[PDB]
Every structure is written in C-alpha cells, then in structure tokens.
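Quick setup: one chain, the form deposited in one PDB entry, written in structure tokens, and binding and motion questions come after.
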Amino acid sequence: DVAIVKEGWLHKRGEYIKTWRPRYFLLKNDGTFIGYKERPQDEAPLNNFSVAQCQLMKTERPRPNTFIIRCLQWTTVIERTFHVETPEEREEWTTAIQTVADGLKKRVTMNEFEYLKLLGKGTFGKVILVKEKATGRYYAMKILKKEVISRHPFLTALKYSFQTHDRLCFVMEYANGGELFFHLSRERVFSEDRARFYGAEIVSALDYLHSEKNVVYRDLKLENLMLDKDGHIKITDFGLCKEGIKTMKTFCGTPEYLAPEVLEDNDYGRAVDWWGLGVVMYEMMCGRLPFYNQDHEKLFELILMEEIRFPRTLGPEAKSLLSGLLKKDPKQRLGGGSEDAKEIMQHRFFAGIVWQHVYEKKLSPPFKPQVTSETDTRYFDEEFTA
C-alpha cells in the first residue's frame, strides 16, 4: 500500500554546512520525505523524515522560492529548508506534502520550579536547569515558543509537560551523577570492561529507539552522556536546533562526532547512531577523539576519507568493534544491516553480556559517583572546575 506520491530534484540547505545541495527527494504516502544524492534504484519507516504533524511555510528569504517544513519531533523543533526554481514547482511540492500530511491525520506551573542555570539557547526557545521546590529534584526545562508549534532506564525521561500563554515547556529528568566527559577527563581513559558497561547500556537504549520508537537519535556523543546517582548511563534530550555560526563559511556546531553520510547531507538511517557509538567508545578506550583537527575542511576529510587508527594497547576485540562501528559506508557498517543492534549485541566484544540483565540494570556499575541521593549537588558545585 506504500507508494510514491511525488518525486523530483530539490535544493536542500545543508544541515551542518549551510550551502545548498542538489538532492533527489521521494515523497511517499506513509509520510516519509527522504532525499538522495542520486536517484535510488530501490524496512520500517523512520520518523526523522516524516512530514506528519508538520507545518509548511513559503519564504522568499534568504532565497526566493523557498519552502520550509517545520516539525516537532518529541521535544525538539526542527526545520527542513528547501528551494526550487519556479513558484509553480513550490506550490506543487507544498500541496503534495500537505496532502500526505492530511492523509496521515486520518496543575504544574512555572512558580513550582527554581531557576538555576541556562543550559542552552536555540532558535525556537531555551533549555534551563531547574529545581522543583517541593522535591528538590533536578530537571532540564525546554521552554519553546508556542506559535512555532515512553520509558527506558537509560534515557532521560520526560517528566512533565505544561504551557504558558506563549511558551510550551518540557520537563526532562536531570541526572546528578555528573557529565561523562567530566569523568572521562578526570580518569583520562576508561578500561575495556568499563567501556563495555557504558557501551552495552547505550546499545540497549539505541535498540529501543530504533525498534520500538522507529527513530534515529543522531546526536550520540560524549557531551550527551551522563551518569545517574548509581552510575548508570543516561542519554540526554536537552538539545535545540540552533542557527550556525560564521573558515569564512557558516557551520552549525562541531562536526567531530557526525557520521560521514550526515555530513554530506545524504540519505541516512539507523547506522548513524552506530557511528556515534563508535566515536564514544573509541574515546573511552583510547582517551581521545577518533578524528581531530582545527581546519573544518581538514576535519571533514579526516571523517570522510581517513581510515581510523588504533593504539597498540587496544585489544583485538575492541579493534574489531570500533572498526566495524566506524566504517564510512553505512551499508558496510556494523549494525547497519537489517538486524540493526543485534549485529552489535552478538559481536565478540560483548561476549558474556546478558542483554536482558542490561535492560533490567542487573549489571553492577564499575564506577559509583560521589553522591548520597538524587538531590546531592556535588556535580553542580565548584568542584566541577577541578
């Protein structure tokens, strides 16, 4: 029953490098809107490219005949910007997309929290670290503009959702066991066993998002990993889409963790998260990023072309895992097949690991953060500078 509604060439604005790119897009009746570098000859649909519950806007800036697909995915507002040659083509696309979207459609207040610290600013709102006065718990509050608009042990849970007169607010649970980059920086390098533990929990969470939620996390990096009070991994959802910063070109964020297919603004899928897994687990066991340099052109080339290299102190099992995870071609990448996470869970690096015990947190955390409870503020104090 799934068929193509409309297909053709489009100019898509790059998601990390702001240049316009010629891409062949396929609009299907299941809601997927995917672009390709070349017209594909050609299973579960990813919600990352869904046009369901989205609003279309027609703009003449910064380029005439531009249309934008603005979507609210979970707790993050995203924008996909496209360009055509003639206004007639734009109307054809916007009508087709809207038609598909139509066919698919077939108390807690702000005074209850205390402002603590600005976590991040985005185009359509901000993220704030708050503390509930009643319980003393820590939370990350996503405060999004109103007019522009599920539990896993290793994912930051959405606690509350409320709105003001002009703002929509999402309340994330905030781990108090400390940032993982802080822990890795302090201890320089994690052992293979400890990295196996963190890695296993990450795999479990990614497996959940892929099979149950049918979504790609795409932001898997060290900065988005935290530990709770018990030392278990928490993958964070504190992000917001920003506008890039002007090396005369304009870039949005740092590219060191981005998958090659994501950098080239090509078709991407579940394999992206496995690349991220490779980057994270590489840094944990090697003590540094897989690809690093100052020039963005250089950094791109290292990610796109340069083969990953390993220290002599790294074991063959770890080398096999990282080599598979950091394959530049997602079709050849470990976990890039139809088996997805099972391809990684069955890898010999995770031999002996009982994955049911992983999800149920039966595995003893090798590291216990110096906190007494979920309200302990040690990783919020001056020590964080040390």
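Throughout, rigid core stands for the largest set of C-alpha atoms superposing within 1.5 Å between the two forms. Numbers follow the displayed sequence, beginning with 1.
Omitted here: the form deposited in another entry. The next part is about that form.
With the two forms fitted on their core, the C-alpha shifts between the shown form and the other one stay under 2 Å for all of 315, 287, 311, 120 except 120. After superposition on the rigid core, displacement of the C-alpha of residue 364 between the shown form and the other one stays below 2 Å. When the rigid core is held fixed, the Cα atom of residue 211 travels less than 2 angstroms between the shown form and the other one. After superposition on the rigid core, the Cα of residue 254 moves by 2 Å or more between the shown form and the other one.
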